[PDB]
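Here are the chains, one letter per residue:
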Amino acid sequence: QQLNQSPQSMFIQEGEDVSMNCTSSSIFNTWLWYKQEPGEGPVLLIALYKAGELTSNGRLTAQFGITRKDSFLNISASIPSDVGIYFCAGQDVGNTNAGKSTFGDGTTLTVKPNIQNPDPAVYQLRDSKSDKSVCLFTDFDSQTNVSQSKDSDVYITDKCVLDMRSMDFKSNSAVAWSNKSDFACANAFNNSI
Amino acid sequence: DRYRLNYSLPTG
Amino acid sequence: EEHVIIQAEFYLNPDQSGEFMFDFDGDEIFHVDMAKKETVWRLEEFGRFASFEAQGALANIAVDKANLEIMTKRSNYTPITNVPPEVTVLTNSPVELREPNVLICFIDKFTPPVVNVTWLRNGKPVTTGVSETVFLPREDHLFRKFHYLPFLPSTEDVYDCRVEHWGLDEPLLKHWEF
Amino acid sequence: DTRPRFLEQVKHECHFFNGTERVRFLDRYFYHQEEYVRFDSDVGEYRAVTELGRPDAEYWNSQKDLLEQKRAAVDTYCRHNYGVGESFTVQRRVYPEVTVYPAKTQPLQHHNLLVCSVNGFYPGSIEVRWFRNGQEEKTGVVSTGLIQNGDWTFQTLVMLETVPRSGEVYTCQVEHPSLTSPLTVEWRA
Amino acid sequence: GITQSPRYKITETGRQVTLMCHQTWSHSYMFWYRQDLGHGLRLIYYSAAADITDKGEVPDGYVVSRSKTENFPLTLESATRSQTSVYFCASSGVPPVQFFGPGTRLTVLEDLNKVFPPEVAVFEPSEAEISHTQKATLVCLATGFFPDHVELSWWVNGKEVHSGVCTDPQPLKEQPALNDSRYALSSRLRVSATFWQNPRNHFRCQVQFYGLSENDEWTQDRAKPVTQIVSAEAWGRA
Ligand SMILES: *[C@@H]1O[C@H](CO)[C@@H](O[C@@H]2O[C@H](CO)[C@@H](O[C@@H]3O[C@H](CO)[C@@H](O)[C@H](O)[C@@H]3O)[C@H](O)[C@H]2NC(C)=O)[C@H](O)[C@H]1NC(C)=O
């Protein structure tokens, strides 16, 4: 770890601001910022090649520290699409001669959405073919956190944010299911908040 | 200490 | 005062040869051996007071080869004109019998950077401790090269430097006597 | 073979004035013996030298990452490598070694040329003056000029055209940045 | 553009597999990484130019070749279970900026008999939701697959939708206490009520499973868990 990327985990509500840091153990000459969308490869965000530079790319702005050992990235007006991992790369003299870039460990940004009008509820759906059923804990507040079940036979998924675009309606959701006959939908999520 | 390389640019 | 540190490169076709070297005020600081893929400091002391391990230097010459193919097409395949060299033979220090010395063969103002250089003592080829530098770049973008021959001065031995070049009709000879 | 040849050259020139005070970076590209596109640190982008390199200048200048990478070369590349070798390149000092000997132009019965040989000195900026009997000889002096040995040393053979007479005392004075005081070598006829 | 092949791969322990990376940018530099949890990207090998190769942080258990500026094949010599990672390939014309590929998910298993295809099923919105929220949520479940080489999509009226879609970021272990447990995945598609109320609209949940190849031998009686697509559909109701 020749590049110290702090913080590594962030939780930012929509509209708030984000600031990531990255420090070098050797005098750097260039800095690179990447973003890795879930399931995709990391792509380039901003590049800085001069000391004290302040380059921007929309709501992204990155700074080249005059210490030649530090670099920052800011994301103003956080939107839920800004989730993912943010990598910090650079080159010292040795890297420049080899043509390689040292990468930081990264920062896993998870922007939580603004549920304007909450309406916590639990429903039950039926298989389009079969008896087979499934529950749905939906429309809860972003501050709610769903846990797993020690029942093992009961499977409770994690939170999920879907964005019905053009309807201006975001909504959390979490699914639970079990084939044990003594399964009630409302009795499932209450043990998992 | 240690000499940099100045990258030669590629053309299309 | 005024100083210049040039990072010179070339690639030559169809020879598929190229080199990479640094230059300070006309003298070679180091060069990259394209065969062993390592840094060769011109003076051995430089390798203790400096360092250079660049795999990208090889990548630079790779780029030069790619750029060369594009430029060759752009110029309607205009080849390079052969510029004949200007050979000179001189000694390291003044000549003293039974006092060792060096005979330098300075090849200057020639292109492309491909030459055949040989030392001839009494017309017989010599290769005992012979040395040479790489093709050094010039301000007019021609090339220059040095060849070194440590020898013991004597009246029986007569030396010559045979430099062959594509701009030369016959192999150019330059004599040195005592 | 007799086949045509094609040469491509790239020169990354760092020009220093007053040490690291004024610096100039030149990213030069050559086809055979002629330059066709250049990045001048004074201008800020690539400009064609011949019309042959205009596509190279336009293509590189349209890539903002590349130009910004070259605009920093004065600090990140030039000034860095200057200080990496300043102790053994800018500050390298080698003592000269002056020897004086007579010679003759034409096969004759007496010497008509007197040679002063300064060898193996770095840097190359040097001054060599001739004196006969305390009075400096300015007329009739033919210098060799500076000679690069290619091994980080220099030499020059400043010679005085004179028929030396018995009793005359010639001296060859050399002043070099490595010498703390003028260096003299005498040659009595 | 940098592209990788395969994108998913199940190999057996001790076998020799070679992942390929093809670029058309004529870039000089190419890189092979492996991204795991807690280590970020780690360089395995890289190549400054053709016929030039050098080692990186994790070069043990791998070899590499580069005889052309187009292809940089990473090759596992003997597949160890520690080599189960996501392998990324990058390239550079003039560094430091690199252009990464889509990635390759490699899974080294002891026996290929643990590879099972997924079972997909669609669950229809509840009337209580359509009354209270005036919106319809469909739930898709994909259970019993191994390893986690899946790509779930939603298809409405023959087109792939992304609006109102939410798929779990990680799959659930059906047998949580097993290291070779089979996985389950859920996803949701929320559409307006009156849209699901119309029986002219079609909803399909699709799961692309990347399993065994037609070359991997299969001595068991169960059908070979090859790369396949398991779907599940539903029609609107009034
Ligand atoms: C070469 O570089 C040297 C420095 O390495 C230059 O000398 C500098 O000259 C400037 C004026 O041109 C000096 O600035 C003055 O400094 C005083 C305080 O000392 C301040 O009160 C004045 O208002 C003014 O700013 C500077 O001190 C001086 N630096 C040194 C180390 O001597 C030099 O001018 C450059 N050029 C040449 C041809 O030498």
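- Looking at the method and resolution fields of the entry, one finds X-ray crystallography and 3.20008034513 Å.

- The name that the PDB entry assigns to chain D is HLA class II histocompatibility antigen DR beta chain, with the source organism given as Homo sapiens.
- The PDB lists this entry under the title "PB TCR in complex with HLA-DR4 presenting citrullinated Tenascin C peptide".

- The name recorded for chain C in the PDB entry is HLA class II histocompatibility antigen, DR alpha chain, from Homo sapiens.
- The record in UniProt for chain C states the following under Sequence similarities: "Belongs to the MHC class II family."

### Focus on the overall build of chain D
Part 1 of the reasoning: The number of helices and strands found in chain D is 4 helices and 13 strands.
Part 2 of the reasoning: Expected size for 189 residues packed as a compact globule is a radius of gyration near 16 Å; at 25 Å, chain D overshoots this value by more than 25%.
Part 3 of the reasoning: Summarising its shape, the C-alpha atoms of chain D cover approximately 75 × 45 × 30 Å along the three principal directions.

### Describing helix α1 (residues 54-61) of chain D
Part 1 of the reasoning: The complete set of buried residues in α1 of chain D reads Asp 56, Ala 57 and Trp 60 of chain D. Projection of α1 of chain D onto a plane perpendicular to its axis shows the buried side chains occupying an angular sector of 100°, all on one side.
Part 2 of the reasoning: Looking at the buried positions of α1 of chain D, the neighbouring elements they touch are α2 (56-74) of chain C together with β2 (22-31), β3 (34-40), β4 (46-48) and α2 (64-71) of chain D.

### Looking at the domain arrangement of chain C
Residue and element names in this part refer to chain C.
Part 1 of the reasoning: Entries for chain C in the domain assignment read domain 1 (2-79) and domain 2 (80-178).
Part 2 of the reasoning: For the domain 1 and domain 2 pair, buried surface summed over both sides reaches about 960 Å², with 64% attributable to carbon and sulfur atoms.
Part 3 of the reasoning: On the surface where domain 1 and domain 2 come into contact, there are 0 salt bridges.
Part 4 of the reasoning: Counting across the interface, domain 1 meets domain 2 through 2 residue pairs in polar contact.
Part 5 of the reasoning: Put simply, the parts of the chain that give the side of domain 1 that touches domain 2 at least two residues each are β1 (3-13), β2 (17-24) and β3 (27-33).
Part 6 of the reasoning: Considering every element that reaches the side of domain 1 that touches domain 2, the biggest residue donor is β1, with 3 residues.
Part 7 of the reasoning: Among the residues making up the side of domain 1 that touches domain 2, the classes are represented as 5 nonpolar, 3 polar and 4 charged.

### A short note on the packing of aromatic side chains
Part 1 of the reasoning: For the structure on display, the rule yields 51 aromatic pairs over all chains.
Part 2 of the reasoning: When the ring of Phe 30 of chain C is compared with that of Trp 41 of chain C, the centres are 5.0 Å apart and the planes differ by 55°; the resulting orientation is tilted. A residue pair is termed long-range when its members are at least 10 positions apart, and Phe 30 of chain C in strand β3 and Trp 41 of chain C in strand β4 (residues 38-41) qualify at 11 residues. The same class applies to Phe 30 of chain C as to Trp 41 of chain C, namely buried.
Part 3 of the reasoning: Put simply, the rings of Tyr 34, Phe 87 and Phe 103 of chain A together with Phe 31, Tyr 33, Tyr 46 and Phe 100 of chain E pair up and form one aromatic cluster.
Part 4 of the reasoning: In this arrangement the basic side chain of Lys 145 of chain C is found over the ring face of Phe 135 of chain C, its NZ or CZ atom lying 4.3 Å from the centre.

### Details of the side chain of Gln 23 of chain E
Residue and element names in this part refer to chain E.
Part 1 of the reasoning: Note on placement: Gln 23 falls in the loop between β3 (17-22) and β4 (29-36).
Part 2 of the reasoning: A relative accessible area of 1% places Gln 23 in the buried class.
Part 3 of the reasoning: At 3.1 Å, the side chain of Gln 23 forms a polar contact with the backbone nitrogen of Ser 26.
Part 4 of the reasoning: A distance of 2.8 Å separates the side chain of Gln 23 from the backbone oxygen of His 27, its partner in a polar contact.

Thresholds, definitions, all that
Residues numbered from 1 in each chain as written, not as in the entry; some residues may be left out. Chains lettered and ligands numbered in written order. Heavy atoms only, no water. Residues with missing side-chain atoms left out of burial classes, pairs and counts. UniProt positions renumbered as here; feature names shortened; annotations may be inferred. Helix = DSSP H or I, 4+ residues; strand = E, 2+ residues; numbered from the N terminus. Rg over C-alpha atoms; globule rule 2.2 N^0.38 Å. Buried < 20%, exposed > 50% of the residue type's maximum accessible area, 1.4 Å probe, protein only. Arc of directions from axis to C-beta. Contact = heavy atoms within 4.5 Å. Domains from an automatic or database assignment. Buried area = accessible area lost by both parts, 1.4 Å probe. Salt bridge = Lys/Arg side-chain N within 4 Å of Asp/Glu carboxyl O. Polar contact = N/O pair within 3.5 Å; in protein donor to acceptor, adjacent residues only side chain to side chain. Nonpolar A, V, L, I, M, F, W, Y, C, P; charged D, E, K, R; others polar. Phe/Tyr/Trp six-rings, centres within 6.5 Å; stacked < 30°, edge-to-face > 60°. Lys NZ or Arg CZ within 6 Å of the ring centre and 35° of its normal.

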